[PDB]
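S.K.: This structure is in structure tokens; I'll ask about it shortly.
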Amino acid sequence: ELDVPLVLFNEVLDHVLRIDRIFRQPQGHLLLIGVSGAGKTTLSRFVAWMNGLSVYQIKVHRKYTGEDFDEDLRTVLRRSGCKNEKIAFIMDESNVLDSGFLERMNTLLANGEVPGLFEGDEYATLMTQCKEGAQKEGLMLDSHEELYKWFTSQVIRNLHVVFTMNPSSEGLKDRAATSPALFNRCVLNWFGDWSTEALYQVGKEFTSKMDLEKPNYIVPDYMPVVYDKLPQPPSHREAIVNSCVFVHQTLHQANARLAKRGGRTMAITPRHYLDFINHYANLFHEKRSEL
Amino acid sequence: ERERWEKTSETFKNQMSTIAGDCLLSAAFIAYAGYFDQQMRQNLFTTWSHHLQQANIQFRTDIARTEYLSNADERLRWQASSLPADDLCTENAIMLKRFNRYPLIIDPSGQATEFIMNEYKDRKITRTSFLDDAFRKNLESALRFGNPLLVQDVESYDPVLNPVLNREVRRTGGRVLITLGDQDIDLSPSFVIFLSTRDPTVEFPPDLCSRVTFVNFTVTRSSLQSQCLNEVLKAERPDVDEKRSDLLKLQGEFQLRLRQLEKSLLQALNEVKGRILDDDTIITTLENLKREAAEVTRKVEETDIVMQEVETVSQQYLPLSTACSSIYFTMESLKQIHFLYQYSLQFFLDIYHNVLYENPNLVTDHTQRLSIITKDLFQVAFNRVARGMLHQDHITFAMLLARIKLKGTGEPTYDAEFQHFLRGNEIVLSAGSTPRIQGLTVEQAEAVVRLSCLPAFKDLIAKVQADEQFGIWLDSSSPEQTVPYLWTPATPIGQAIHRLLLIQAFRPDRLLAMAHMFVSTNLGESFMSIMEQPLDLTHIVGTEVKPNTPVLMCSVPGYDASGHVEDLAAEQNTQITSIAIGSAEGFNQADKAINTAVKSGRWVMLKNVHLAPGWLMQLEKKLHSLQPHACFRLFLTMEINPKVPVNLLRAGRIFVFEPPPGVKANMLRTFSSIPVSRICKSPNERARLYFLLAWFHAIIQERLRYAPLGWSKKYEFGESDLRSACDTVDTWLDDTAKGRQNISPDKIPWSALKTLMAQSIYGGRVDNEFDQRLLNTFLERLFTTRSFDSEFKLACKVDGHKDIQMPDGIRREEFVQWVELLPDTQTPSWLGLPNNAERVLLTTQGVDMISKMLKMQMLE
Amino acid sequence: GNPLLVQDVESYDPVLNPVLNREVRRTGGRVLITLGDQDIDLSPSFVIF
Amino acid sequence: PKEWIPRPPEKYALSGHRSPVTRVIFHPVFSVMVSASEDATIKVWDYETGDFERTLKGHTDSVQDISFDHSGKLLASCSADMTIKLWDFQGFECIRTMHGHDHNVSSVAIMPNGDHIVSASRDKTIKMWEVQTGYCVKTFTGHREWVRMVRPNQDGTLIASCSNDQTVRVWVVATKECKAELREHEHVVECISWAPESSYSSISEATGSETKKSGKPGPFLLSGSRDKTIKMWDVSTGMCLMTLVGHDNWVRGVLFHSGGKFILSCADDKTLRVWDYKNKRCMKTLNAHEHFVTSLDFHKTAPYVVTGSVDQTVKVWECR
Amino acid sequence: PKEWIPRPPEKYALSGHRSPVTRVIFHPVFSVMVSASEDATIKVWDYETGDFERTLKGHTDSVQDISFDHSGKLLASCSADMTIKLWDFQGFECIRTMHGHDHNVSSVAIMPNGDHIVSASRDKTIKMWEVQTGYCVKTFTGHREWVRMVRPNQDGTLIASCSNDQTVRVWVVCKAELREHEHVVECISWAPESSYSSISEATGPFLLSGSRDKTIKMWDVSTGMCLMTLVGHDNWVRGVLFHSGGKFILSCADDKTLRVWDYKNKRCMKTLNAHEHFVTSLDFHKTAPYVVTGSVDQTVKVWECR
Amino acid sequence: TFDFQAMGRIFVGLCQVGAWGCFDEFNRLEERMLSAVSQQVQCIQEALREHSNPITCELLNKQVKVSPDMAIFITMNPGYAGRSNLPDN
Ligand SMILES: Nc1ncnc2c1ncn2[C@@H]1O[C@H](COP(=O)(O)OP(=O)(O)O)[C@@H](O)[C@H]1O
């Protein structure tokens, strides 16, 4: 599916296990809260591929319309109910443009039935597709009400919806007020920012490739440490990974200081950290080779 | 030369020790210090270096990030491809070359975009925009083919770029696949993309902030000083500048020759492959290389003329570049006290180009030309900046310019007393301390206690107790004009500062007048004097406004500049297209009219455009991407509204339309508005009537300013009322006079005019009975003149030994002469108000000026 | 542009008829082949056995 | 006057091209003309003298249409390499290459306002472009097949199109779409042209119509027949005022006279036809070329008609 | 359209080559030019742009001369492998190869009626072929040495060929023989119909030919006498040709100079430093203002005419 | 909901008839449409001034005859319920 090399640590393994257990749960919807670039949609894609679920994304663009969202919802509901396909519906909060998106998402998460989505010719097409699906499954159903009930049961069994949004107190209050199914019919998982242990593990995993061991390295008595449970005394690799972690943390502190002063602020992310360690590896290799 | 080769090659262990730390520092800088400015970049680097030092990780302290991460040939290629010589610009180019995530470029100037265009010019760049409808076709063409892509206007970001930025790539077989939308596109390896925005004040969502890396092209003080030095070299010594430019190019080419020669020598000595003495070709090549090393040795004459050029340009034009950098950074930090006016580097450079070249009375003497340039730079900067700023903040900007002039010029730095003047008012006082309240009061006693912290004011309580006869500075009159007492010879500027501190401690209501006196003593008496006259709109539009910059005309509520622009177009005989923004057909008509006016060269005016900010952003983008006629001006009429986009505010030229300050300025504005042909018509009493109208209008408008004593509620007495009044006066004078050159003061319909003003013209807005009675008694006082009695009194200025007499003139020329020679001082008793009306207002304005200056200084 | 070796041609699939007939079109500078209602670009370095 | 008609033989037979000539147009202000062919070149010819002036390389595939603006200082060309180029005719260099279409672009024109360009391509879409920036601002849909030609009206408020969809579709530019859909052609629609202002009186008195009594007589289209006919239409939903049967093969280009008293037409029958449309008959027949005639143009002031053909030759006809 | 004289510098230097260039000509219709060579290659260039279009391989030895059909759709080339190869400008492929010459062929030209091909080789014979099937029709004899160039008339009935026998014979399908030479005559230029009034003012059909005798001389086929002798060349003359307007004379030689002559006064006005080595051939566009010279230093250069 | 085009239709009807117009509660016309209608009001008053000295004014992209007897009146209650503010022009 994706040629993106991921890095493993305890938080990644635990998050993958939680996402897998909720996918195994029937009518199981996620709500992943965490900073952007922390790897929520890629973990969801990987777990859906492991479980055989087909990842479906809105693929929003400019000049998007509530009618276009209705069409995407119709396609995913048809695939999940008539064709009997397990779909992992990944939906970031950036895909929400107005309340027309989120009211329909609320109804879909809470019931599995969205009245008014299929009307007229679309309703007739859905009914004949459900009749074909009932013929394929062997169940014989007469008239439309039990066909729609069977379709609702099928989409309840099949569809899984995963949300991905950044943490915010006011945003969470707004979402809890305007969309209760995110807080009642969705399992919440506060991924958050990468912890100090996760940053240390990622830095050590990338650093282990390149050789920088210094036998004649003197450990100072002070050793300002930012990651707890650091091995004392630390080696050169441990010292520089602690230094990388401190670099990320002091970027957080400087950004907070700038925001408190009143200047514009920018998000600092695990993507920034991976970028920094990749730059470190490439620059170290190039400089050592050329010298 | 092996005596140098051995030293070069005997640092292997030291470089192995330092390489890990130095690579860590450089990688952290490249990855994290992209969005920040120079100060935060340096702060982050210092913090990282301090952490490495206290963790005992070896790194090279005496290194430069630009020199470590960039080669000399690479840097020369960069400045060949249109890049500024800034260290910050070089760092930005390093990020743009070694990016891992695709870059986002922030630059209002466009120099970064031009540099990218020149650098990736060997490859083919298409320059599209995120708001181009056919953007996906260009993106997929670049993806399939392998072309660099530069897309501007990131604010309308297209989330179809998300898999491209995230590198969500499939590697089925030997091909490389990325899936955008429904189509599957083969991804070529030689594809890069650059996102570009043209404003620093923009908010990006956190997902985009994660998936892109930022490169901020901010302006540095050193870069601005270099630019101003080069420009003054252009404007003063063109031959010297030409010599310097050819010199820099020649030196760069010869340094490239040095690098090539050293590389060739080392590669030949490494690839000799046998015995060097076996073949004479190696010896001959080394002889040629040594002859070129000899010309490298004789480079010393070029280095000598380098030093002579640097020393003469420094010793002449050192303190002008620093002054210009201070001016620009003052007007850049000015944006955070009113958030209406935003000024661009292009705006400051236009001011500097105006003062450098088109200066009247500027000679052929380099001794005096620098002083003339500096003084006119200060004055022109004040004029062009404060024409689009509030009369509250005029004095603040003037005093900041005075501080810049004082720092530039002799006079020592009065930092201690300036810090006490700005911040020292909030210092903690002694517990349970109270001086004598025999002549002073408690608040000014506490102020004197605070002021006594200065060494010069060691004895203040004893001095004011001994000087009991100095009741003039204690109360009444104008203490600023005559400030007794004192803080070694005393410079006039230091005396002004000490007296300003005394006034701030004793009587804060004279702070504005004393700040005006300080500005007058520091820069000239006639510094602020150009802001009393009506704005020279015809000259400014004709000369000081480029066609592609819209003429933003912001007005406080109650005032509108549409009549001013229409009158300007009528008097210059230029046809105009007035469109009132606020409809879909209005937007379509605005687009069509602006296109036709750009192609042809007419004038276009769009009114009330503060109601459509989303369309204002698109208009700003179109005006930036547009190339207009030579004589074309776009007028945008707005209101003081925080919904006006910062993009349009920076792109345009702001003219704040404000209530005219003072009766004299109000009369001058009224007389300039009323045409001379209209006011000079028969009979001869029309001039008297128009002067009475102008005086009445000025008095009631200034009374409106002094609320709620002047009027119970803030009415809007304006130019519509004045024009209707003039029309009624003209009609009644024509009715009562049929071709008569002179009309006796008894036959004129004074009562008819008075009751028509009382009922219809000015009394329409008035609803309160007491306000109506006040208007009626002003009309009765003014519109009888005791039958045009000589030495008639319009009002009384001061109740003690002062009065205002109406002139005995007959012609508009001598009336406006009397108005011009009216005294510059004003008192609320001119209007008929109590003398204590303005005290609280002046105190509040003074403390607000102090707060604004303190905020700008603290955030500086 | 991957060569194919499609065995078991006794149960031949008639979807390959435009491919075997080389029924292509040259709109623009590329080549277009039609499979059913779907339209697909044909790479020059493609053979099928 | 308002009566000159092309007469045999031709004035000059300019034969500098290498492939079939696609479109030939005149210059608005100069005594020069340009011609587009299938060898990715746009030759510029002085029709008064008869000598080749200069060429405009830059297109990768066969250039299919060219159009000047009102000022005569811009030339917009579209080709089969899916790109549209804007030429600075003062210095004869390309200003911008404007991608965005998905197939062969068939025709372009510059609106009378002068800062917008229309298009038409095989992906059944018509796009509006910006001359100043090069961006696409509006796309038109509705045609079910390859759109062959697009022509804005006299004041730029209406756009007509012809297609392989068998239909002529005309719409207002600004906000609404599909003002009319004209469906009386039994084969492909190929070449449209509006009616000039000094033709409405003759059209009204020639066709079945009352003595106005409605005001604003309404715009009139022209032909577009691969079924060897000529058809002019009306305002609103559109009716065929007359059909000029009498042609011989696939009609490729139609025009009005400068005075509006005649219809000029050329086609694959190697024939230039002059139609006296007041009597619904062709009163003059010109054996133009030795192969299919692809395009023609008529000079607004000077008496010259120029025709391009698959013969790789551009012929200029003097009018007597 | 009469003042067209080449001016410095070279507009375009078509150096995309590897072997010396022998002959260069212009297309009568299209805006391209072709060039023969020593490495059995004929390359087509675009003289307006300066870009290399295509090469026409298929010869097995050095190409001597090349000529075009009147319509410009047919190209005939002769080489040193005793062949007269025929090319078309529709698909750019060899149509037919004609054998029958006993040694190196040095000249070829399409008849103005576009049906027969003339050739001239070292075996001192002139051969006429059929463009339809490549079958020879007539052979001409009367030379005893190397025949360098042969050039037809404007009607297809008069044929003039120059040889190393110090003669320029004229045959009618021998009208005259001119034996007042002093060295080997190398190139032949025919006088167009746009020069009869000019030469009547200064002094048909007329014949002008350079030679290795450092001079150019010109006769009348109706009388067989030299009209005017043009002298001043510093080396062997390789190529001569009339101006399109029939007023000037263009010629090239081994002195690396283009001298533009005239029969009004018979003197040189401007010599052009063309190449660093000898100049083998040149051509003048009949309507366009361009001069191209093919030289033996493996370069082809095009001169603007102002 | 009194749009710019609706007010233009009312204006052309009033101008052609020659009748006064009393617009009650004008300060709830909202800012955008008030600013748009200002242009039509200015055009009508300019035509009336030209009459004061076949008189037409450009209303809704058409030429409409202006009777000399018409006038436009505005009834407002400022500060009623935080309604709209009239533009200065
Ligand atoms: N555990 C990980 N190890 C390495 N890279 C990761 C990891 N998690 C995320 N990433 C990076 O994040 C990118 C995708 O981020 P994404 O999942 O879109 O963030 P979000 O889920 O917050 O939108 C990938 O390109 C990948 O390089």
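Residues are referred to by chain and number: the chain letter is A, B, ... according to the order shown in the structure tokens, the number counts from 1 in that chain, and ligands are numbered separately from 1 in the order shown.
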Output the neighbourhood of ligand 1 as a VMD selection string, that is, all protein and nucleic acid residues with some atom at most 8 Å from the ligand, counting only C-alpha atoms and all ligand atoms.
M.R.: (chain A and resid 4 to 9 12 34 to 43 92 164 to 166 202 270 to 271 274) or (chain B and resid 166 to 168 207 211)
S.K.: Env of stretch 65-79 of chain A: 7 Å cut, atoms = only C-alpha atoms, seq-sep filter 4 positions within chain, self excluded. Answer as a list in words.
M.R.: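 The filter keeps residues 58, 83, 84, 85, 100, 101, 117 and 155 of chain A.
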S.K.: Out of B:102, B:587, B:635, B:706, which residue has the shortest atom-to-atom distance to chain F when counting only C-alpha atoms?
M.R.: B:587
S.K.: Taking only C-alpha atoms into account, produce a table as a Markdown table in which each residue of chain B with an atom at most 10 Å from an atom of chain C appears once, together with its shortest atom pair and the distance in Å to one decimal, ordered by chain and rising number.
M.R.:
```
| residue | atom | partner | partner_atom | distance |
| --- | --- | --- | --- | --- |
| B:173 | CA | C:2 | CA | 9.0 |
| B:174 | CA | C:2 | CA | 9.5 |
| B:175 | CA | C:1 | CA | 9.5 |
```
S.K.: Quick one: write out the picked residues with C-alpha atoms as a tab-separated table (two decimals), in the first residue's frame?
M.R.:
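This went into result.tsv:
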```tsv
chain	number	residue	atom	x	y	z
B	173	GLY	CA	7.30	-3.35	-9.48
B	174	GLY	CA	9.95	-1.06	-10.90
B	175	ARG	CA	7.54	1.86	-11.20
```
S.K.: Quick one: everything within 7 Å of stretch 24-29 of chain D, counting only C-alpha atoms, minus sequence neighbours fewer than 5 positions away in the same chain. Send it as a list in words.
M.R.: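 Answer for this query is residues 34, 35, 36, 70, 72, 295, 296, 297, 299, 307 and 308 of chain D.
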S.K.: Grab the residues selected above and save them as a PDB file, in the first residue's frame with C-alpha atoms.
M.R.:
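Written out: result.pdb:
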```
ATOM      1  CA  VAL D  34      -1.012  34.823 -40.233  1.00  0.00           C
ATOM      2  CA  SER D  35      -1.755  31.196 -41.039  1.00  0.00           C
ATOM      3  CA  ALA D  36      -1.672  28.049 -38.916  1.00  0.00           C
ATOM      4  CA  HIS D  70      -9.132  44.056 -31.123  1.00  0.00           C
ATOM      5  CA  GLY D  72      -3.989  43.650 -33.071  1.00  0.00           C
ATOM      6  CA  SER D 295     -10.634  27.881 -43.612  1.00  0.00           C
ATOM      7  CA  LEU D 296     -11.244  31.364 -44.958  1.00  0.00           C
ATOM      8  CA  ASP D 297     -11.254  34.935 -43.719  1.00  0.00           C
ATOM      9  CA  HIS D 299     -10.957  41.592 -44.592  1.00  0.00           C
ATOM     10  CA  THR D 307      -8.329  30.807 -47.950  1.00  0.00           C
ATOM     11  CA  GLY D 308      -6.240  28.028 -46.459  1.00  0.00           C
TER      12      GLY D 308
END
```
S.K.: Interatomic distance between atom CA of residue A:285 and atom CA of residue A:209?
M.R.: 10.6 Å
S.K.: Distance atom CA of residue B:389-atom CA of residue B:844, one decimal place?
M.R.: 18.8 Å
S.K.: Could you list the residues in chain D lying within 9 Å of chain B, using only C-alpha atoms, and format the result as number ranges by chain?
M.R.: D: 99-102, 113, 115, 132-139, 174
S.K.: Restrict the selected residues to C-alpha atoms and save them as an mmCIF file, in the first residue's frame.
M.R.:
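part_6.cif written:
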```cif
data_model
loop_
_atom_site.group_PDB
_atom_site.id
_atom_site.type_symbol
_atom_site.label_atom_id
_atom_site.label_comp_id
_atom_site.auth_asym_id
_atom_site.auth_seq_id
_atom_site.Cartn_x
_atom_site.Cartn_y
_atom_site.Cartn_z
ATOM 1 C CA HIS D 99 -1.949 24.239 -20.011
ATOM 2 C CA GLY D 100 -5.154 22.876 -18.527
ATOM 3 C CA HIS D 101 -6.979 20.950 -21.228
ATOM 4 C CA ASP D 102 -7.011 17.158 -21.376
ATOM 5 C CA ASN D 113 -12.908 43.232 -24.020
ATOM 6 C CA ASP D 115 -8.311 40.245 -21.522
ATOM 7 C CA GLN D 132 -3.036 39.148 -17.692
ATOM 8 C CA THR D 133 -2.317 36.177 -15.407
ATOM 9 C CA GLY D 134 -2.889 33.025 -17.462
ATOM 10 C CA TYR D 135 -5.238 31.348 -14.992
ATOM 11 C CA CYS D 136 -8.410 29.481 -15.846
ATOM 12 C CA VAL D 137 -11.411 31.199 -14.278
ATOM 13 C CA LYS D 138 -14.468 29.503 -15.774
ATOM 14 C CA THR D 139 -15.157 26.172 -17.464
ATOM 15 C CA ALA D 174 -21.289 35.879 -17.066
#
```
S.K.: Please identify which residues in stretch 117-236 of chain D DSSP calls alpha helix (DSSP H) from the backbone, and express them as a PyMOL selection string.
M.R.: chain D and resi 200-206
S.K.: Please provide the set of residues having any atom within 7 Å of residue A:161, restricted to only C-alpha atoms, with same-chain residues fewer than 6 positions apart removed, written as a tab-separated table (two decimals) with N, CA, C and O atoms, in the first residue's frame.
M.R.:
```
chain	number	residue	atom	x	y	z
A	29	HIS	N	-16.34	2.55	15.98
A	29	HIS	CA	-15.85	3.79	15.41
A	29	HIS	C	-14.79	4.38	16.33
A	29	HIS	O	-14.89	4.29	17.55
A	30	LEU	N	-13.76	4.98	15.73
A	30	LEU	CA	-12.66	5.57	16.48
A	30	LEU	C	-12.85	7.07	16.61
A	30	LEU	O	-13.66	7.70	15.92
A	88	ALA	N	-12.86	0.94	6.24
A	88	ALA	CA	-12.37	1.83	7.29
A	88	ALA	C	-12.44	3.25	6.76
A	88	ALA	O	-11.67	3.63	5.87
A	89	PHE	N	-13.37	4.04	7.30
A	89	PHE	CA	-13.63	5.39	6.82
A	89	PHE	C	-12.79	6.37	7.62
A	89	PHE	O	-13.16	6.75	8.73
A	90	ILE	N	-11.66	6.78	7.06
A	90	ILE	CA	-10.78	7.76	7.69
A	90	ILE	C	-11.28	9.15	7.34
A	90	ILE	O	-11.45	9.47	6.16
```
S.K.: Give me, as an MDAnalysis selection string, the residues of chain D touching chain C, with the criterion being at most 6 Å (counting only C-alpha atoms).
M.R.: chainID D and resid 80:81 104
S.K.: Go ahead and dump the residues you just picked, C-alpha atoms, as an mmCIF file, in the first residue's frame.
M.R.:
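As a result, selection_39.cif now contains:
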```
data_model
loop_
_atom_site.group_PDB
_atom_site.id
_atom_site.type_symbol
_atom_site.label_atom_id
_atom_site.label_comp_id
_atom_site.auth_asym_id
_atom_site.auth_seq_id
_atom_site.Cartn_x
_atom_site.Cartn_y
_atom_site.Cartn_z
ATOM 1 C CA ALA D 80 -2.930 19.556 -30.538
ATOM 2 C CA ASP D 81 -0.252 19.349 -27.827
ATOM 3 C CA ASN D 104 -6.587 18.372 -28.511
#
```
S.K.: Would you list the contacts of residue C:20 as an mmCIF file with N, CA, C and O atoms, in the first residue's frame, taking every protein, DNA or RNA residue within 12 Å and counting only C-alpha atoms, but skipping same-chain residues closer than 5 positions in sequence?
M.R.:
```
data_model
loop_
_atom_site.group_PDB
_atom_site.id
_atom_site.type_symbol
_atom_site.label_atom_id
_atom_site.label_comp_id
_atom_site.auth_asym_id
_atom_site.auth_seq_id
_atom_site.Cartn_x
_atom_site.Cartn_y
_atom_site.Cartn_z
ATOM 1 N N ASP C 13 -10.284 -14.843 -23.183
ATOM 2 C CA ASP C 13 -11.141 -13.754 -22.739
ATOM 3 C C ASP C 13 -11.226 -12.713 -23.841
ATOM 4 O O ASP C 13 -10.185 -12.176 -24.247
ATOM 5 N N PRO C 14 -12.416 -12.383 -24.344
ATOM 6 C CA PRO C 14 -12.509 -11.456 -25.482
ATOM 7 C C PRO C 14 -12.302 -9.993 -25.116
ATOM 8 O O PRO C 14 -12.621 -9.108 -25.914
ATOM 9 N N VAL C 15 -11.785 -9.722 -23.918
ATOM 10 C CA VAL C 15 -11.459 -8.349 -23.549
ATOM 11 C C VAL C 15 -10.173 -7.875 -24.221
ATOM 12 O O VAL C 15 -9.940 -6.664 -24.322
ATOM 13 N N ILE C 33 -5.755 3.506 -25.713
ATOM 14 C CA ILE C 33 -6.392 2.224 -25.985
ATOM 15 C C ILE C 33 -7.651 2.143 -25.133
ATOM 16 O O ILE C 33 -7.694 2.683 -24.022
ATOM 17 N N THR C 34 -8.688 1.506 -25.667
ATOM 18 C CA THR C 34 -10.001 1.471 -25.035
ATOM 19 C C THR C 34 -10.303 0.053 -24.570
ATOM 20 O O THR C 34 -10.263 -0.886 -25.369
ATOM 21 N N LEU C 35 -10.605 -0.097 -23.282
ATOM 22 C CA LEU C 35 -11.031 -1.371 -22.705
ATOM 23 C C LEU C 35 -12.418 -1.173 -22.105
ATOM 24 O O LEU C 35 -12.554 -0.591 -21.024
ATOM 25 N N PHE C 46 5.175 -2.527 -24.061
ATOM 26 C CA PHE C 46 4.290 -3.572 -23.566
ATOM 27 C C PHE C 46 4.134 -4.647 -24.630
ATOM 28 O O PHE C 46 3.801 -4.343 -25.779
ATOM 29 N N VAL C 47 4.380 -5.900 -24.246
ATOM 30 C CA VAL C 47 4.111 -7.053 -25.092
ATOM 31 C C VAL C 47 3.352 -8.078 -24.263
ATOM 32 O O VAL C 47 3.434 -8.102 -23.035
ATOM 33 N N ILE C 48 2.591 -8.924 -24.952
ATOM 34 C CA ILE C 48 1.795 -9.957 -24.298
ATOM 35 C C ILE C 48 1.974 -11.260 -25.062
ATOM 36 O O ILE C 48 1.920 -11.276 -26.294
ATOM 37 N N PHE C 49 2.214 -12.344 -24.334
ATOM 38 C CA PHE C 49 2.398 -13.662 -24.918
ATOM 39 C C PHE C 49 1.306 -14.597 -24.422
ATOM 40 O O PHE C 49 0.953 -14.582 -23.240
#
```
S.K.: For stretch 34-37 of chain F, list every protein, DNA or RNA residue within 10 Å, evaluated using only C-alpha atoms, and leave out those in the same chain fewer than 4 positions away; present the list as a VMD selection string.
M.R.: (chain B and resid 579 to 586 607 to 609 611) or (chain F and resid 2 to 8 11 26 to 30 41 to 43 84 to 89)
S.K.: Show me, as a ChimeraX atom specification, the residues that have an atom within 12 Å of residue B:504 when counting only C-alpha atoms, minus same-chain residues fewer than 4 positions from it.
M.R.: /B:420-422,424-425,443-444,446-448,450-451,473,479-480,497-500,508-515,842-843,846-847,850
S.K.: What residues in stretch 746-853 of chain B get the DSSP label strand (DSSP E)? Please answer as a list in words.
M.R.: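 Residues of stretch 746-853 of chain B classed as strand (DSSP E): residues 793, 794, 795, 804 and 805 of chain B.
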S.K.: Could you work out how far atom CA of residue E:127 lies from atom CA of residue E:102, giving the answer in Å with one decimal?
M.R.: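 Separating atom CA of residue E:102 from atom CA of residue E:127 is a distance of 11.2 Å.
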S.K.: For chain D, report every residue with an atom at most 9 Å from chain E (counting only C-alpha atoms), formatted as an mmCIF file with N, CA and C atoms, in the first residue's frame.
M.R.:
```cif
data_model
loop_
_atom_site.group_PDB
_atom_site.id
_atom_site.type_symbol
_atom_site.label_atom_id
_atom_site.label_comp_id
_atom_site.auth_asym_id
_atom_site.auth_seq_id
_atom_site.Cartn_x
_atom_site.Cartn_y
_atom_site.Cartn_z
ATOM 1 N N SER D 15 2.906 29.455 -50.711
ATOM 2 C CA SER D 15 3.094 28.022 -50.519
ATOM 3 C C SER D 15 4.335 27.739 -49.687
ATOM 4 N N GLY D 16 4.480 28.426 -48.560
ATOM 5 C CA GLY D 16 5.621 28.173 -47.703
ATOM 6 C C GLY D 16 5.440 27.093 -46.664
ATOM 7 N N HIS D 17 4.228 26.573 -46.500
ATOM 8 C CA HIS D 17 3.949 25.648 -45.416
ATOM 9 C C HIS D 17 4.452 24.248 -45.752
ATOM 10 N N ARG D 18 4.461 23.386 -44.733
ATOM 11 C CA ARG D 18 4.921 22.013 -44.872
ATOM 12 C C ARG D 18 3.823 20.978 -44.684
ATOM 13 N N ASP D 51 4.737 38.210 -49.844
ATOM 14 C CA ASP D 51 6.005 37.614 -49.456
ATOM 15 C C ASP D 51 5.940 37.150 -48.010
ATOM 16 N N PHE D 52 6.576 36.016 -47.741
ATOM 17 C CA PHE D 52 6.626 35.474 -46.392
ATOM 18 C C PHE D 52 7.497 36.359 -45.512
ATOM 19 N N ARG D 54 7.827 36.202 -41.554
ATOM 20 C CA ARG D 54 8.524 35.470 -40.507
ATOM 21 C C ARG D 54 7.624 34.361 -39.989
ATOM 22 N N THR D 55 8.236 33.428 -39.270
ATOM 23 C CA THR D 55 7.552 32.281 -38.699
ATOM 24 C C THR D 55 7.582 32.366 -37.181
ATOM 25 N N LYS D 57 7.871 29.605 -34.417
ATOM 26 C CA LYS D 57 8.036 28.295 -33.809
ATOM 27 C C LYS D 57 7.693 28.351 -32.324
#
```
